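Worksheet: one structure, shown below.
Protein chains in written order, with this note's numbering: chain A, 2 to 363; chain B, 3 to 31; chain C, 172 to 336; chain D, 1351 to 1401; chain E, 94 to 457.
Right, here's the structure in full:
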């Protein structure tokens, strides 16, 4: 505090003189650009982001061993020579990426999905904490899981939850959106996903909804589109190129597996098939139990009464029920939520979802 | 030891190189 | 504002085990009349029995009176243990006085439970005598002696060791 | 006198080659700023001495 | 330590007065005396050592001697408030960068505990010398906040080009990394092992070994693979890697490092041990002396223990939960098992004397 300042000011000053002397030699101002390729005759061809290419000589701040293809770099204006190195965190390297490093969601917050919880735990969490069971027996681990169901309630929740538990970077890419309408650019985009992963592990790679670029057809003539299949293949070949015991676990989302290649399953990688169901009585009890904690409510309301009229529903319906119920209580201007309020709300959403109907009792 | 060695090398090389490239750029490259 | 600063701003130690403490002891550092309203704030805290939030706020008021003023009734044991952790633990200033004046009222009717908490960490002889006093079972004595002997320097050595051992 | 001057200020002001609209990617503590310019490239540029 | 006596100090003390290091040797004696008289009160040593420095006795002009008298005072008088002022004048008298770091450490030791912002802050300005980076370790145990940052923070420092930063961070890691995996440092170290020089390779592999000590299989793996992939390709390589395999598997692989324990208390001894090995253990590194000093690292090293005892309080059958392998008899290796059962005094980690409820009264 006082101790830092006394030292700090004379210490700062020597640094600045040196720092000024550095600054003069290297110049300013500069264009930022990207390395096209790195050449060991101390040259470089560079891709300038204004477009053109210039075969340039390195100015020594770094060597070509302290440089990698596709690093971001400081360029002058002379012919665009390499003045200095810069980080790639800032300059784009993404497709569609939500990064959520250690997400808010957790198993505790989405109630009892307990049976589903147990599967995802042995495949995704267990290798990262404990390579050792896999190593001792001498078996390979699942490095992928597939989550089937609908998102927000099944697929999304389990995948957010688990990442938070393992303290890994959750990356959601939307598969379809790459579904770009020009030949050739899906394959670039797949490359950037895998590039970021290897740089920034541990990670969970979530590919949402691979069924627009996930196609694999039977043709490429007669209304066949060649890009769609190309992208699907680039994606597959990198995936099979990556293998880990606890650097990357891959979570997929999709709802058809017969649009996917049997080598994108790759039996001996994706062992696990985790699927959402509608929960049990006990787990439903837990989902209710958490959500009522947060309410102020009557004591005529029970978890038990609410269970019996339920026919097995998703956790999302239970959440939806709570928001609808409070809204009739707030409309009656009061903060007590009766057994009748939650019951009116439940009936109503169930009714809106169950638009198709079929007599099953006969 | 190492820190001082690297910086001197980089300044020394850079000044010679900066003179050579500028010479080859004469013409309009 | 007056009591917090006055406590900081003296070159002496702080901490007593007094039946006198008033935050004004010896030389003045609080007004008598200001003190008594502050004393009134405590039996509200004592009635609440939510002592974890209470000690933190108390710490922020930085006044030593409140901890012993709190204890004069009620279930000592659990509460006194919670208070014993809170005081060293939460503020970035080391604080230890609150517990020691509080201890003075505690020593009268004793209690083994609270005594263990202070006795580890501080290492202070009175606390160690009080865990011992309660203990009359050489087996219980042996578990206390294990946790005490991880506090190495103080417990290591002749003039203490063997005379205890 | 003021009027003569006003007209003159416009005549100077309107002579410009135009300035590029760009977006600060992030701030640099050597008093450089990183800007991704909308129609141009990306450049690291020297902030104003007075900014 | 634990049976400190004046008689050896009187015999040793004038020979320390004679002082040059290659002969009478007792310039280094200061280290030994410090560690013996750790954490207590004894003015005789403080004064005798203090005069001899301030005077500038015999051949005082050797750097190693200025270092020995500075450190000795600080080490011995841990937790002695006011008394400590005497020591502060000697250490302060010959300025260094090690010393600006040490002002906060002597204050920790003396005033009792740590918990305040200042002391982490005062070091943080210097970091962003060896003793200064080492020092976050000693400080952070009282800081509620401090511990999580330490592991990221020295991870960065290893990578730093300058040679000094490269020697000093591995020793710190050799202690740390038997309970705190950090991916970044182990992955880096593989390249640095063949960086440009013989001496850096010596230190790297040795460093991998310290860090590996007592920890085997599992999460260790990325560091473990590097070690196996070297054994020999030279006679210098054979020698170093072999020494690494003993470090890796020191005490049959099931020994640990703790500078703070579960029974809520610190150890003065353990701060001094680390301090003293740092002045030594420099044989295959900078600051060269001789090979024997390695052994001081031992004092720090602890067997892992949760020790159940039943109602006898001395060895007797009693069972507590599975390890990795079954439910245990007393004295049988494992650590950190909480249990259902009610203690005599306090359910926590550590040696526990246990008692079982009469509804399922048992020896277990």
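Note that beta-carbon positions come from the ideal geometry of N, C-alpha and C, so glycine has one too.
Alpha carbon of residue i to alpha carbon of residue j, nearest angstrom
{"i": "residue 149 (chain E)", "j": "residue 138 (chain E)", "result": "17 Å"}
{"i": "residue 12 (chain A)", "j": "residue 163 (chain A)", "result": "47 Å"}
{"i": "residue 211 (chain E)", "j": "residue 201 (chain E)", "result": "11 Å"}
{"i": "residue 262 (chain A)", "j": "residue 215 (chain A)", "result": "9 Å"}
{"i": "residue 160 (chain E)", "j": "residue 298 (chain C)", "result": "40 Å"}
{"i": "residue 74 (chain A)", "j": "residue 236 (chain E)", "result": "40 Å"}
{"i": "residue 120 (chain E)", "j": "residue 114 (chain E)", "result": "6 Å"}
{"i": "residue 218 (chain E)", "j": "residue 253 (chain A)", "result": "46 Å"}
{"i": "residue 241 (chain E)", "j": "residue 230 (chain C)", "result": "26 Å"}
{"i": "residue 419 (chain E)", "j": "residue 363 (chain E)", "result": "32 Å"}
{"i": "residue 1389 (chain D)", "j": "residue 1373 (chain D)", "result": "11 Å"}
{"i": "residue 219 (chain C)", "j": "residue 227 (chain C)", "result": "15 Å"}
{"i": "residue 196 (chain A)", "j": "residue 123 (chain A)", "result": "27 Å"}
{"i": "residue 175 (chain E)", "j": "residue 169 (chain E)", "result": "14 Å"}
{"i": "residue 247 (chain E)", "j": "residue 279 (chain E)", "result": "12 Å"}
{"i": "residue 336 (chain A)", "j": "residue 1400 (chain D)", "result": "57 Å"}
{"i": "residue 300 (chain A)", "j": "residue 261 (chain C)", "result": "38 Å"}
{"i": "residue 117 (chain A)", "j": "residue 277 (chain A)", "result": "7 Å"}
{"i": "residue 172 (chain A)", "j": "residue 235 (chain A)", "result": "19 Å"}
{"i": "residue 339 (chain A)", "j": "residue 111 (chain A)", "result": "23 Å"}
{"i": "residue 326 (chain E)", "j": "residue 332 (chain E)", "result": "11 Å"}
{"i": "residue 232 (chain A)", "j": "residue 213 (chain A)", "result": "10 Å"}
Residues that DSSP places opposite residue i in a beta bridge
{"i": "residue 38 (chain A)", "result": "A:46"}
{"i": "residue 436 (chain E)", "result": "E:447"}
{"i": "residue 101 (chain A)", "result": "A:171"}
{"i": "residue 207 (chain A)", "result": "A:173, A:252"}
{"i": "residue 401 (chain E)", "result": "E:445"}
{"i": "residue 76 (chain A)", "result": "A:32, A:83"}
Residues that residue i contacts on chain B, provided the C-beta gap is smaller than 9 Å
{"i": "residue 256 (chain E)", "result": "3, 4, 5"}
{"i": "residue 26 (chain A)", "result": "13, 16, 17, 20"}
Chain-ordered chain E contacts of residue i [CB-CB under 7 Å]
{"i": "residue 311 (chain C)", "result": "437, 438"}
{"i": "residue 287 (chain C)", "result": "438, 439"}
{"i": "residue 5 (chain A)", "result": "215, 218"}
{"i": "residue 291 (chain C)", "result": "356, 357, 358"}
Neighbouring residues, chain D, relative to residue i (Cβ below 7 Å)
{"i": "residue 289 (chain A)", "result": "Within 7 Å Cβ-Cβ: nothing; residue 289 (chain A) doesn't reach chain D, min ~46 Å."}
Under 7 Å by beta carbon: chain A residues contacting residue i
{"i": "residue 314 (chain E)", "result": "132"}
{"i": "residue 357 (chain E)", "result": "Simply none; closest approach about 27 Å."}
{"i": "residue 193 (chain E)", "result": "8"}
Chain A contact residues for residue i, given Cβ-Cβ distances below 9 Å
{"i": "residue 311 (chain E)", "result": "130, 131, 132, 133, 136"}
{"i": "residue 1395 (chain D)", "result": "29, 30, 31"}
Closer than 7 Å at the beta carbon, the chain C residues around residue i
{"i": "residue 360 (chain E)", "result": "323"}
Proximal chain C residues relative to residue i, where beta-carbon distance stays under 8 Å
{"i": "residue 405 (chain E)", "result": "310"}
{"i": "residue 443 (chain E)", "result": "317, 318, 321"}
Beta-carbon neighbours of residue i, restricted to chain E and to distances below 8 Å
{"i": "residue 2 (chain A)", "result": "211, 214, 215"}
{"i": "residue 240 (chain A)", "result": "Simply none; closest approach about 22 Å."}
Within chain E, the residues that residue i reaches when beta carbons sit closer than 9 Å
{"i": "residue 265 (chain C)", "result": "204, 205, 206, 207, 208, 209, 235"}
Under 7 Å from the C-beta of residue i: neighbouring residues of chain B
{"i": "residue 60 (chain A)", "result": "16, 19, 20"}
{"i": "residue 82 (chain A)", "result": "23"}
{"i": "residue 65 (chain A)", "result": "What residue 65 (chain A) touches in chain B: nothing, since even the nearest Cβ is about 13 Å away."}
Residue i: contacting residues in chain C (beta-carbon distance under 9 Å)
{"i": "residue 197 (chain E)", "result": "Within 9 Å Cβ-Cβ: nothing; residue 197 (chain E) doesn't reach chain C, min ~14 Å."}
{"i": "residue 180 (chain E)", "result": "None at all; the shortest Cβ gap to chain C is about 17 Å."}
Under 8 Å from the C-beta of residue i: neighbouring residues of chain A
{"i": "residue 1407 (chain D)", "result": "No information on residue 1407 (chain D) is available, as it lies outside the stretch 1351 to 1401 that chain D covers here."}
Point to revise | Stretch-stretch touch, CB-based, cutoff 8 Å, three pairs: the region 144-154 of chain A with the region 314-334 of chain A | key: yes
Point to revise | Unbroken stretches of the alpha helix (DSSP H), 4 residues or longer, contained in the region 241-310 of chain E | key: 256-269, 276-285, 291-305
**Study point:** Stretch pair the region 266-276 of chain A + the region 217-227 of chain A: three plus CB contacts closer than 8 Å
**Key:** no
**Study point:** Residue ranges of each alpha helix (DSSP H) within the region 164-245 of chain E, 4 or longer
**Key:** 178-186, 190-204, 210-220, 223-232
Review point. Can you give, in chain order, each stretch of the alpha helix (DSSP H) that sits fully within the region 203-269 of chain C and has at least 4 residues?
Key: 203-219, 222-232, 237-241, 247-260
Review point. Quick one: any contact between the region 235-249 of chain C and the region 5-19 of chain B, if contact means 3 or more CB pairs under 8 Å?
Key: no
Review point. Which runs of the beta strand (DSSP E), 3 residues or longer, sit entirely within the region 209-233 of chain A?
Key: none
Practice item. Would you check if there are 3 or more beta carbon pairs closer than 8 Å linking the region 302-312 of chain E to the region 127-146 of chain A? Key: yes
**Study point:** Cβ contact (3+ pairs, closer than 8 Å) linking the region 433-448 of chain E and the region 314-331 of chain C
**Key:** yes
Review point. Is the region 368-383 of chain E in contact with the region 337-348 of chain E, if contact means three or more CB pairs nearer than 8 Å?
Key: no
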